[PDB]
Protein chains: 6
Amino acid sequence: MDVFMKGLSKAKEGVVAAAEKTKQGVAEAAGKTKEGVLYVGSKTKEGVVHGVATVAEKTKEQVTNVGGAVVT
Amino acid sequence: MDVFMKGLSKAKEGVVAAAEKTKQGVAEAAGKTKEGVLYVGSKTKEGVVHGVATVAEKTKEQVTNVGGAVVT
Amino acid sequence: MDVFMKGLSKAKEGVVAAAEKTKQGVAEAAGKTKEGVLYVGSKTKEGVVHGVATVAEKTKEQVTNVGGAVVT
Amino acid sequence: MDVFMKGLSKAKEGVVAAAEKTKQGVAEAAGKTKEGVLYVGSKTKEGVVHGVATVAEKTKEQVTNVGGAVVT
Amino acid sequence: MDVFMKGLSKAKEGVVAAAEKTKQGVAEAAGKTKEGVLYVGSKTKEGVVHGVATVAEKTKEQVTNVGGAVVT
Amino acid sequence: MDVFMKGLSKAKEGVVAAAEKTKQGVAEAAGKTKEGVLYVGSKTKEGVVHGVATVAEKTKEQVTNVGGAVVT
């Protein structure tokens, strides 16, 4: 539940770039997150949690652009 | 539950860049986070949590841009 | 639950850069965080937590930009 | 956005009564309430607010029952 | 945004009564309340707020019951 | 945003009563309350606030019960 607002992003002879909560080359395994969570008289059971992640880029001469400007 | 607001991002003969809570080349394993969490008369059980992560970039001549401007 | 506000980010013949709580080349394993967490008459049990993380960049001639400007 | 849950309300030779957030003989005028309200880059204007309320019961021998049991 | 939970309200040869956040004979005028309210880059204007309330019960021999048991 | 939890309210040859944040015979005028309120880069203007409240019960032989048991 994220809110993103941008009023009047004006650019003239320039660059108005903006990159929010971006993931790039990220490996996550068996993680638990909780935001704005309410438990009232509740029960929760959970067994073994097994997770494995991997991010392997073998790269050369890459131009990656998640938002913004790249002039090469 | 994050809120991102930007009013009048104006640029002229320049650069207005902005990068928020970005992850890049990040490895997370078996982590637990809690933000704004309320437990009321609740029970929670959890078994073994096994996690493994890996981020390996073998790279040369990379131009990565998550927001902003890159002029090369 | 983070709040990001920026009013009138104006740039002229210059650079207005901003990078918030960014992670880059970060390895986390079996960590527990708690922000604004309330326990009321609650029980919580947890088993063995096993985690392993790794971030290995073997790199040369990289131009990484998470927000801001990079002119090379 | 209220939640009301009742599990196994059992009664035997007795009374299981329950009255939640009830109003009775209540007068409200020109009040403003806000619960879980989020304003993001918003404008709000409001003129004169004129309100008048009145609750007048001229009564005798009344048996009022909002939930529960009344044995007279 | 209130939560009401009741597990196993059992009664035998007795009374299990419960009255939550009840108003009775209450007069409110020109009051402002705020619970869990977030303002982000917002403007709010408000004019004169005029309010008047009144609760007048001229009563005799009344049996009022908002939840619970009344045996008379 | 109030939370009300009750587990196993059992009664036998007795009384299990419970009254939470109840108002009765309460007069409020031009009051301002704030709970868990966050202002970020926000403006708020407010004019004259005029309020008047009144609670007048002229009563005899009243049996009022907001939760609990009344045996008369």
# chains A, B, ... in the order shown; residues from 1 in each chain; ligands from 1
>>> calpha_fit_and_write(fixed="chain D", moving="chain A", output="PDB file with N, CA, C and O atoms, in the first residue's frame")
ATOM      1  N   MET A   1     -15.602   1.488   9.706  1.00  0.00           N
ATOM      2  CA  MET A   1     -14.985   0.186   9.483  1.00  0.00           C
ATOM      3  C   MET A   1     -14.721  -0.546  10.790  1.00  0.00           C
ATOM      4  O   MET A   1     -13.571  -0.765  11.167  1.00  0.00           O
ATOM      5  N   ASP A   2     -15.789  -0.926  11.479  1.00  0.00           N
ATOM      6  CA  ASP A   2     -15.681  -1.662  12.727  1.00  0.00           C
ATOM      7  C   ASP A   2     -15.979  -3.138  12.501  1.00  0.00           C
ATOM      8  O   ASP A   2     -16.796  -3.503  11.653  1.00  0.00           O
ATOM      9  N   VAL A   3     -15.302  -3.986  13.270  1.00  0.00           N
ATOM     10  CA  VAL A   3     -15.433  -5.434  13.162  1.00  0.00           C
ATOM     11  C   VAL A   3     -15.968  -5.957  14.485  1.00  0.00           C
ATOM     12  O   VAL A   3     -15.424  -5.639  15.550  1.00  0.00           O
ATOM     13  N   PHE A   4     -17.028  -6.755  14.419  1.00  0.00           N
ATOM     14  CA  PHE A   4     -17.665  -7.331  15.596  1.00  0.00           C
ATOM     15  C   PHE A   4     -17.709  -8.845  15.429  1.00  0.00           C
ATOM     16  O   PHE A   4     -18.369  -9.349  14.513  1.00  0.00           O
ATOM     17  N   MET A   5     -17.010  -9.563  16.302  1.00  0.00           N
ATOM     18  CA  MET A   5     -16.974 -11.017  16.269  1.00  0.00           C
ATOM     19  C   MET A   5     -17.333 -11.576  17.638  1.00  0.00           C
ATOM     20  O   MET A   5     -16.863 -11.080  18.664  1.00  0.00           O
ATOM     21  N   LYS A   6     -18.166 -12.616  17.644  1.00  0.00           N
ATOM     22  CA  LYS A   6     -18.578 -13.288  18.875  1.00  0.00           C
ATOM     23  C   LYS A   6     -18.619 -14.786  18.594  1.00  0.00           C
ATOM     24  O   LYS A   6     -19.420 -15.248  17.777  1.00  0.00           O
ATOM     25  N   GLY A   7     -17.752 -15.537  19.264  1.00  0.00           N
ATOM     26  CA  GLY A   7     -17.730 -16.976  19.109  1.00  0.00           C
ATOM     27  C   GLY A   7     -18.359 -17.702  20.280  1.00  0.00           C
ATOM     28  O   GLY A   7     -17.933 -17.525  21.424  1.00  0.00           O
ATOM     29  N   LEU A   8     -19.377 -18.515  20.001  1.00  0.00           N
ATOM     30  CA  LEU A   8     -20.004 -19.368  21.006  1.00  0.00           C
ATOM     31  C   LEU A   8     -20.551 -18.544  22.168  1.00  0.00           C
ATOM     32  O   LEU A   8     -20.026 -18.598  23.283  1.00  0.00           O
ATOM     33  N   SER A   9     -21.565 -17.724  21.904  1.00  0.00           N
ATOM     34  CA  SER A   9     -22.297 -17.050  22.974  1.00  0.00           C
ATOM     35  C   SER A   9     -23.384 -17.985  23.503  1.00  0.00           C
ATOM     36  O   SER A   9     -24.532 -17.985  23.059  1.00  0.00           O
ATOM     37  N   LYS A  10     -22.993 -18.795  24.482  1.00  0.00           N
ATOM     38  CA  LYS A  10     -23.873 -19.803  25.050  1.00  0.00           C
ATOM     39  C   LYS A  10     -24.425 -19.353  26.398  1.00  0.00           C
ATOM     40  O   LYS A  10     -23.701 -18.820  27.241  1.00  0.00           O
ATOM     41  N   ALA A  11     -25.718 -19.597  26.603  1.00  0.00           N
ATOM     42  CA  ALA A  11     -26.379 -19.252  27.851  1.00  0.00           C
ATOM     43  C   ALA A  11     -27.284 -20.394  28.287  1.00  0.00           C
ATOM     44  O   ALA A  11     -28.013 -20.966  27.472  1.00  0.00           O
ATOM     45  N   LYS A  12     -27.234 -20.717  29.577  1.00  0.00           N
ATOM     46  CA  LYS A  12     -28.085 -21.750  30.156  1.00  0.00           C
ATOM     47  C   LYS A  12     -28.547 -21.407  31.562  1.00  0.00           C
ATOM     48  O   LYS A  12     -27.762 -21.497  32.509  1.00  0.00           O
ATOM     49  N   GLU A  13     -29.815 -21.019  31.692  1.00  0.00           N
ATOM     50  CA  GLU A  13     -30.394 -20.601  32.970  1.00  0.00           C
ATOM     51  C   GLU A  13     -29.773 -19.263  33.370  1.00  0.00           C
ATOM     52  O   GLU A  13     -29.668 -18.921  34.548  1.00  0.00           O
ATOM     53  N   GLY A  14     -29.368 -18.500  32.368  1.00  0.00           N
ATOM     54  CA  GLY A  14     -28.722 -17.234  32.620  1.00  0.00           C
ATOM     55  C   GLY A  14     -28.947 -16.267  31.482  1.00  0.00           C
ATOM     56  O   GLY A  14     -29.869 -16.427  30.683  1.00  0.00           O
ATOM     57  N   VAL A  15     -28.088 -15.252  31.420  1.00  0.00           N
ATOM     58  CA  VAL A  15     -28.187 -14.206  30.408  1.00  0.00           C
ATOM     59  C   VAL A  15     -26.796 -13.918  29.866  1.00  0.00           C
ATOM     60  O   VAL A  15     -25.869 -13.645  30.634  1.00  0.00           O
ATOM     61  N   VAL A  16     -26.652 -13.977  28.542  1.00  0.00           N
ATOM     62  CA  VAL A  16     -25.442 -13.504  27.881  1.00  0.00           C
ATOM     63  C   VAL A  16     -25.804 -12.254  27.099  1.00  0.00           C
ATOM     64  O   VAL A  16     -26.333 -12.332  25.983  1.00  0.00           O
ATOM     65  N   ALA A  17     -25.544 -11.094  27.687  1.00  0.00           N
ATOM     66  CA  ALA A  17     -25.857  -9.837  27.036  1.00  0.00           C
ATOM     67  C   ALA A  17     -24.587  -9.176  26.518  1.00  0.00           C
ATOM     68  O   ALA A  17     -23.481  -9.421  27.007  1.00  0.00           O
ATOM     69  N   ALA A  18     -24.759  -8.318  25.515  1.00  0.00           N
ATOM     70  CA  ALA A  18     -23.622  -7.620  24.922  1.00  0.00           C
ATOM     71  C   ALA A  18     -24.145  -6.409  24.165  1.00  0.00           C
ATOM     72  O   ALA A  18     -24.963  -6.558  23.252  1.00  0.00           O
ATOM     73  N   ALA A  19     -23.671  -5.223  24.537  1.00  0.00           N
ATOM     74  CA  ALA A  19     -24.010  -3.993  23.833  1.00  0.00           C
ATOM     75  C   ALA A  19     -22.722  -3.288  23.454  1.00  0.00           C
ATOM     76  O   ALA A  19     -21.948  -2.888  24.328  1.00  0.00           O
ATOM     77  N   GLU A  20     -22.509  -3.133  22.154  1.00  0.00           N
ATOM     78  CA  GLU A  20     -21.332  -2.471  21.615  1.00  0.00           C
ATOM     79  C   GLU A  20     -21.530  -0.963  21.597  1.00  0.00           C
ATOM     80  O   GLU A  20     -22.231  -0.419  22.453  1.00  0.00           O
ATOM     81  N   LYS A  21     -20.912  -0.279  20.636  1.00  0.00           N
ATOM     82  CA  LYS A  21     -20.754   1.174  20.672  1.00  0.00           C
ATOM     83  C   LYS A  21     -22.108   1.754  20.270  1.00  0.00           C
ATOM     84  O   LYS A  21     -22.363   2.133  19.125  1.00  0.00           O
ATOM     85  N   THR A  22     -22.989   1.831  21.260  1.00  0.00           N
ATOM     86  CA  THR A  22     -24.371   2.277  21.105  1.00  0.00           C
ATOM     87  C   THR A  22     -24.470   3.742  21.506  1.00  0.00           C
ATOM     88  O   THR A  22     -23.829   4.175  22.467  1.00  0.00           O
ATOM     89  N   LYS A  23     -25.244   4.514  20.753  1.00  0.00           N
ATOM     90  CA  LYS A  23     -25.644   5.834  21.204  1.00  0.00           C
ATOM     91  C   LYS A  23     -27.115   5.826  21.598  1.00  0.00           C
ATOM     92  O   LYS A  23     -27.953   5.198  20.946  1.00  0.00           O
ATOM     93  N   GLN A  24     -27.425   6.534  22.687  1.00  0.00           N
ATOM     94  CA  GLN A  24     -28.829   6.602  23.174  1.00  0.00           C
ATOM     95  C   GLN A  24     -29.041   7.957  23.852  1.00  0.00           C
ATOM     96  O   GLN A  24     -28.347   8.229  24.847  1.00  0.00           O
ATOM     97  N   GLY A  25     -29.961   8.774  23.332  1.00  0.00           N
ATOM     98  CA  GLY A  25     -30.153  10.129  23.885  1.00  0.00           C
ATOM     99  C   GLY A  25     -28.892  10.953  23.702  1.00  0.00           C
ATOM    100  O   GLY A  25     -28.422  11.537  24.694  1.00  0.00           O
ATOM    101  N   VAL A  26     -28.357  10.989  22.479  1.00  0.00           N
ATOM    102  CA  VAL A  26     -27.074  11.710  22.225  1.00  0.00           C
ATOM    103  C   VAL A  26     -27.311  12.820  21.196  1.00  0.00           C
ATOM    104  O   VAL A  26     -27.962  12.540  20.172  1.00  0.00           O
ATOM    105  N   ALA A  27     -26.805  14.028  21.461  1.00  0.00           N
ATOM    106  CA  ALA A  27     -26.962  15.158  20.554  1.00  0.00           C
ATOM    107  C   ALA A  27     -25.583  15.593  20.087  1.00  0.00           C
ATOM    108  O   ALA A  27     -24.709  15.877  20.909  1.00  0.00           O
ATOM    109  N   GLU A  28     -25.390  15.637  18.775  1.00  0.00           N
ATOM    110  CA  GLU A  28     -24.129  16.028  18.172  1.00  0.00           C
ATOM    111  C   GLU A  28     -24.364  17.186  17.210  1.00  0.00           C
ATOM    112  O   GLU A  28     -25.348  17.204  16.467  1.00  0.00           O
ATOM    113  N   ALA A  29     -23.450  18.153  17.218  1.00  0.00           N
ATOM    114  CA  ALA A  29     -23.609  19.332  16.376  1.00  0.00           C
ATOM    115  C   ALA A  29     -22.259  19.825  15.880  1.00  0.00           C
ATOM    116  O   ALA A  29     -21.387  20.161  16.685  1.00  0.00           O
ATOM    117  N   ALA A  30     -22.101  19.864  14.557  1.00  0.00           N
ATOM    118  CA  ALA A  30     -20.963  20.505  13.898  1.00  0.00           C
ATOM    119  C   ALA A  30     -19.630  19.907  14.344  1.00  0.00           C
ATOM    120  O   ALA A  30     -18.621  20.600  14.478  1.00  0.00           O
ATOM    121  N   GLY A  31     -19.629  18.594  14.565  1.00  0.00           N
ATOM    122  CA  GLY A  31     -18.421  17.878  14.938  1.00  0.00           C
ATOM    123  C   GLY A  31     -17.768  17.253  13.720  1.00  0.00           C
ATOM    124  O   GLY A  31     -18.443  16.886  12.757  1.00  0.00           O
ATOM    125  N   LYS A  32     -16.445  17.144  13.775  1.00  0.00           N
ATOM    126  CA  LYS A  32     -15.650  16.563  12.701  1.00  0.00           C
ATOM    127  C   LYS A  32     -14.779  15.458  13.281  1.00  0.00           C
ATOM    128  O   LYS A  32     -14.022  15.694  14.228  1.00  0.00           O
ATOM    129  N   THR A  33     -14.891  14.260  12.715  1.00  0.00           N
ATOM    130  CA  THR A  33     -14.124  13.105  13.152  1.00  0.00           C
ATOM    131  C   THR A  33     -13.334  12.545  11.979  1.00  0.00           C
ATOM    132  O   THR A  33     -13.753  12.646  10.825  1.00  0.00           O
ATOM    133  N   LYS A  34     -12.186  11.947  12.287  1.00  0.00           N
ATOM    134  CA  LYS A  34     -11.308  11.399  11.260  1.00  0.00           C
ATOM    135  C   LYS A  34     -10.602  10.177  11.823  1.00  0.00           C
ATOM    136  O   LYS A  34      -9.926  10.271  12.852  1.00  0.00           O
ATOM    137  N   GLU A  35     -10.755   9.036  11.153  1.00  0.00           N
ATOM    138  CA  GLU A  35     -10.109   7.795  11.559  1.00  0.00           C
ATOM    139  C   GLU A  35      -9.483   7.134  10.343  1.00  0.00           C
ATOM    140  O   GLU A  35     -10.187   6.787   9.389  1.00  0.00           O
ATOM    141  N   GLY A  36      -8.166   6.952  10.382  1.00  0.00           N
ATOM    142  CA  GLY A  36      -7.448   6.359   9.273  1.00  0.00           C
ATOM    143  C   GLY A  36      -7.581   7.164   8.001  1.00  0.00           C
ATOM    144  O   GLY A  36      -8.010   6.645   6.968  1.00  0.00           O
ATOM    145  N   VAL A  37      -7.214   8.437   8.063  1.00  0.00           N
ATOM    146  CA  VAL A  37      -7.375   9.358   6.947  1.00  0.00           C
ATOM    147  C   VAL A  37      -6.001   9.844   6.509  1.00  0.00           C
ATOM    148  O   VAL A  37      -5.197  10.295   7.332  1.00  0.00           O
ATOM    149  N   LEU A  38      -5.731   9.748   5.211  1.00  0.00           N
ATOM    150  CA  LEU A  38      -4.431  10.100   4.652  1.00  0.00           C
ATOM    151  C   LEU A  38      -4.620  11.163   3.581  1.00  0.00           C
ATOM    152  O   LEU A  38      -5.363  10.954   2.618  1.00  0.00           O
ATOM    153  N   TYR A  39      -3.952  12.301   3.757  1.00  0.00           N
ATOM    154  CA  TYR A  39      -3.925  13.379   2.777  1.00  0.00           C
ATOM    155  C   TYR A  39      -2.538  13.419   2.151  1.00  0.00           C
ATOM    156  O   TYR A  39      -1.537  13.526   2.866  1.00  0.00           O
ATOM    157  N   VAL A  40      -2.480  13.335   0.825  1.00  0.00           N
ATOM    158  CA  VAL A  40      -1.224  13.385   0.084  1.00  0.00           C
ATOM    159  C   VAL A  40      -1.371  14.439  -1.004  1.00  0.00           C
ATOM    160  O   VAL A  40      -2.146  14.256  -1.952  1.00  0.00           O
ATOM    161  N   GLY A  41      -0.624  15.535  -0.874  1.00  0.00           N
ATOM    162  CA  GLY A  41      -0.629  16.607  -1.852  1.00  0.00           C
ATOM    163  C   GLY A  41      -2.008  17.115  -2.213  1.00  0.00           C
ATOM    164  O   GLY A  41      -2.287  17.402  -3.380  1.00  0.00           O
ATOM    165  N   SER A  42      -2.881  17.238  -1.217  1.00  0.00           N
ATOM    166  CA  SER A  42      -4.273  17.587  -1.437  1.00  0.00           C
ATOM    167  C   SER A  42      -4.595  18.913  -0.764  1.00  0.00           C
ATOM    168  O   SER A  42      -3.968  19.293   0.226  1.00  0.00           O
ATOM    169  N   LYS A  43      -5.581  19.609  -1.315  1.00  0.00           N
ATOM    170  CA  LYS A  43      -6.077  20.854  -0.756  1.00  0.00           C
ATOM    171  C   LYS A  43      -7.545  20.700  -0.383  1.00  0.00           C
ATOM    172  O   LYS A  43      -8.309  20.017  -1.070  1.00  0.00           O
ATOM    173  N   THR A  44      -7.933  21.338   0.718  1.00  0.00           N
ATOM    174  CA  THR A  44      -9.308  21.265   1.197  1.00  0.00           C
ATOM    175  C   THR A  44      -9.691  22.612   1.782  1.00  0.00           C
ATOM    176  O   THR A  44      -9.003  23.123   2.670  1.00  0.00           O
ATOM    177  N   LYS A  45     -10.783  23.184   1.286  1.00  0.00           N
ATOM    178  CA  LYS A  45     -11.331  24.430   1.799  1.00  0.00           C
ATOM    179  C   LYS A  45     -12.734  24.168   2.320  1.00  0.00           C
ATOM    180  O   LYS A  45     -13.426  23.269   1.837  1.00  0.00           O
ATOM    181  N   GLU A  46     -13.153  24.952   3.308  1.00  0.00           N
ATOM    182  CA  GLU A  46     -14.436  24.739   3.956  1.00  0.00           C
ATOM    183  C   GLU A  46     -14.964  26.060   4.492  1.00  0.00           C
ATOM    184  O   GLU A  46     -14.228  26.821   5.124  1.00  0.00           O
ATOM    185  N   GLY A  47     -16.242  26.327   4.231  1.00  0.00           N
ATOM    186  CA  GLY A  47     -16.889  27.534   4.693  1.00  0.00           C
ATOM    187  C   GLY A  47     -17.446  27.388   6.096  1.00  0.00           C
ATOM    188  O   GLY A  47     -17.134  26.451   6.833  1.00  0.00           O
ATOM    189  N   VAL A  48     -18.288  28.356   6.468  1.00  0.00           N
ATOM    190  CA  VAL A  48     -18.906  28.345   7.788  1.00  0.00           C
ATOM    191  C   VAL A  48     -19.775  27.106   7.936  1.00  0.00           C
ATOM    192  O   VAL A  48     -20.557  26.763   7.042  1.00  0.00           O
ATOM    193  N   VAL A  49     -19.642  26.426   9.071  1.00  0.00           N
ATOM    194  CA  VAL A  49     -20.408  25.223   9.372  1.00  0.00           C
ATOM    195  C   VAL A  49     -21.292  25.548  10.570  1.00  0.00           C
ATOM    196  O   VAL A  49     -20.796  25.750  11.684  1.00  0.00           O
ATOM    197  N   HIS A  50     -22.599  25.597  10.346  1.00  0.00           N
ATOM    198  CA  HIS A  50     -23.564  25.945  11.379  1.00  0.00           C
ATOM    199  C   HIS A  50     -24.475  24.754  11.646  1.00  0.00           C
ATOM    200  O   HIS A  50     -25.150  24.267  10.734  1.00  0.00           O
ATOM    201  N   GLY A  51     -24.491  24.289  12.888  1.00  0.00           N
ATOM    202  CA  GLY A  51     -25.275  23.119  13.245  1.00  0.00           C
ATOM    203  C   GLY A  51     -25.876  23.258  14.622  1.00  0.00           C
ATOM    204  O   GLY A  51     -25.276  23.847  15.527  1.00  0.00           O
ATOM    205  N   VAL A  52     -27.072  22.694  14.784  1.00  0.00           N
ATOM    206  CA  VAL A  52     -27.813  22.743  16.042  1.00  0.00           C
ATOM    207  C   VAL A  52     -28.550  21.422  16.219  1.00  0.00           C
ATOM    208  O   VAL A  52     -29.242  20.964  15.305  1.00  0.00           O
ATOM    209  N   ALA A  53     -28.418  20.809  17.394  1.00  0.00           N
ATOM    210  CA  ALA A  53     -29.070  19.541  17.682  1.00  0.00           C
ATOM    211  C   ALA A  53     -29.769  19.618  19.031  1.00  0.00           C
ATOM    212  O   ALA A  53     -29.466  20.478  19.863  1.00  0.00           O
ATOM    213  N   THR A  54     -30.713  18.702  19.242  1.00  0.00           N
ATOM    214  CA  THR A  54     -31.536  18.713  20.444  1.00  0.00           C
ATOM    215  C   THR A  54     -32.185  17.347  20.623  1.00  0.00           C
ATOM    216  O   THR A  54     -32.751  16.787  19.682  1.00  0.00           O
ATOM    217  N   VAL A  55     -32.106  16.829  21.847  1.00  0.00           N
ATOM    218  CA  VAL A  55     -32.752  15.573  22.213  1.00  0.00           C
ATOM    219  C   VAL A  55     -33.480  15.768  23.535  1.00  0.00           C
ATOM    220  O   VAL A  55     -32.849  15.837  24.595  1.00  0.00           O
ATOM    221  N   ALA A  56     -34.806  15.866  23.488  1.00  0.00           N
ATOM    222  CA  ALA A  56     -35.593  16.142  24.689  1.00  0.00           C
ATOM    223  C   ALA A  56     -36.698  15.103  24.830  1.00  0.00           C
ATOM    224  O   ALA A  56     -37.708  15.153  24.126  1.00  0.00           O
ATOM    225  N   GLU A  57     -36.516  14.163  25.750  1.00  0.00           N
ATOM    226  CA  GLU A  57     -37.538  13.170  26.078  1.00  0.00           C
ATOM    227  C   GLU A  57     -38.181  13.559  27.406  1.00  0.00           C
ATOM    228  O   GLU A  57     -37.540  13.529  28.458  1.00  0.00           O
ATOM    229  N   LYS A  58     -39.462  13.910  27.348  1.00  0.00           N
ATOM    230  CA  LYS A  58     -40.296  14.126  28.527  1.00  0.00           C
ATOM    231  C   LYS A  58     -41.119  12.850  28.695  1.00  0.00           C
ATOM    232  O   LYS A  58     -42.105  12.633  27.992  1.00  0.00           O
ATOM    233  N   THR A  59     -40.704  12.001  29.631  1.00  0.00           N
ATOM    234  CA  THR A  59     -41.160  10.620  29.647  1.00  0.00           C
ATOM    235  C   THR A  59     -41.467  10.194  31.080  1.00  0.00           C
ATOM    236  O   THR A  59     -40.941  10.752  32.047  1.00  0.00           O
ATOM    237  N   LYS A  60     -42.328   9.188  31.207  1.00  0.00           N
ATOM    238  CA  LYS A  60     -42.592   8.500  32.459  1.00  0.00           C
ATOM    239  C   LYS A  60     -43.025   7.068  32.183  1.00  0.00           C
ATOM    240  O   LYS A  60     -43.784   6.808  31.246  1.00  0.00           O
ATOM    241  N   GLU A  61     -42.509   6.143  32.993  1.00  0.00           N
ATOM    242  CA  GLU A  61     -42.806   4.713  32.868  1.00  0.00           C
ATOM    243  C   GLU A  61     -42.371   4.172  31.504  1.00  0.00           C
ATOM    244  O   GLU A  61     -43.165   3.627  30.737  1.00  0.00           O
ATOM    245  N   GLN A  62     -41.085   4.324  31.199  1.00  0.00           N
ATOM    246  CA  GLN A  62     -40.513   3.810  29.962  1.00  0.00           C
ATOM    247  C   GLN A  62     -39.614   2.617  30.252  1.00  0.00           C
ATOM    248  O   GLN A  62     -38.869   2.611  31.236  1.00  0.00           O
ATOM    249  N   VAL A  63     -39.691   1.608  29.390  1.00  0.00           N
ATOM    250  CA  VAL A  63     -38.822   0.435  29.459  1.00  0.00           C
ATOM    251  C   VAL A  63     -38.089   0.364  28.123  1.00  0.00           C
ATOM    252  O   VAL A  63     -38.595  -0.184  27.140  1.00  0.00           O
ATOM    253  N   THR A  64     -36.887   0.931  28.079  1.00  0.00           N
ATOM    254  CA  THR A  64     -36.071   0.940  26.871  1.00  0.00           C
ATOM    255  C   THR A  64     -34.977  -0.112  27.001  1.00  0.00           C
ATOM    256  O   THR A  64     -34.321  -0.208  28.046  1.00  0.00           O
ATOM    257  N   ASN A  65     -34.776  -0.894  25.946  1.00  0.00           N
ATOM    258  CA  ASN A  65     -33.818  -1.996  25.951  1.00  0.00           C
ATOM    259  C   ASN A  65     -33.122  -2.070  24.595  1.00  0.00           C
ATOM    260  O   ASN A  65     -33.697  -2.539  23.609  1.00  0.00           O
ATOM    261  N   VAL A  66     -31.879  -1.601  24.548  1.00  0.00           N
ATOM    262  CA  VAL A  66     -31.024  -1.829  23.391  1.00  0.00           C
ATOM    263  C   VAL A  66     -30.083  -2.978  23.721  1.00  0.00           C
ATOM    264  O   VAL A  66     -28.988  -2.767  24.253  1.00  0.00           O
ATOM    265  N   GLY A  67     -30.505  -4.201  23.413  1.00  0.00           N
ATOM    266  CA  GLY A  67     -29.730  -5.379  23.757  1.00  0.00           C
ATOM    267  C   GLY A  67     -29.758  -5.704  25.234  1.00  0.00           C
ATOM    268  O   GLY A  67     -30.021  -4.833  26.068  1.00  0.00           O
ATOM    269  N   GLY A  68     -29.475  -6.954  25.571  1.00  0.00           N
ATOM    270  CA  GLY A  68     -29.605  -7.403  26.937  1.00  0.00           C
ATOM    271  C   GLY A  68     -31.015  -7.868  27.238  1.00  0.00           C
ATOM    272  O   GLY A  68     -31.853  -8.033  26.350  1.00  0.00           O
ATOM    273  N   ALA A  69     -31.280  -8.076  28.522  1.00  0.00           N
ATOM    274  CA  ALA A  69     -32.588  -8.515  28.975  1.00  0.00           C
ATOM    275  C   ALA A  69     -33.120  -7.552  30.026  1.00  0.00           C
ATOM    276  O   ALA A  69     -32.382  -7.090  30.900  1.00  0.00           O
ATOM    277  N   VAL A  70     -34.413  -7.253  29.927  1.00  0.00           N
ATOM    278  CA  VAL A  70     -35.099  -6.405  30.898  1.00  0.00           C
ATOM    279  C   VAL A  70     -36.333  -7.159  31.370  1.00  0.00           C
ATOM    280  O   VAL A  70     -37.262  -7.390  30.588  1.00  0.00           O
ATOM    281  N   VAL A  71     -36.349  -7.541  32.643  1.00  0.00           N
ATOM    282  CA  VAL A  71     -37.443  -8.309  33.227  1.00  0.00           C
ATOM    283  C   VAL A  71     -38.053  -7.463  34.336  1.00  0.00           C
ATOM    284  O   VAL A  71     -37.509  -7.395  35.446  1.00  0.00           O
ATOM    285  N   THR A  72     -39.178  -6.822  34.041  1.00  0.00           N
ATOM    286  CA  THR A  72     -39.870  -5.998  35.023  1.00  0.00           C
ATOM    287  C   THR A  72     -41.365  -6.292  35.027  1.00  0.00           C
ATOM    288  O   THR A  72     -42.133  -5.636  35.728  1.00  0.00           O
TER     289      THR A  72
END
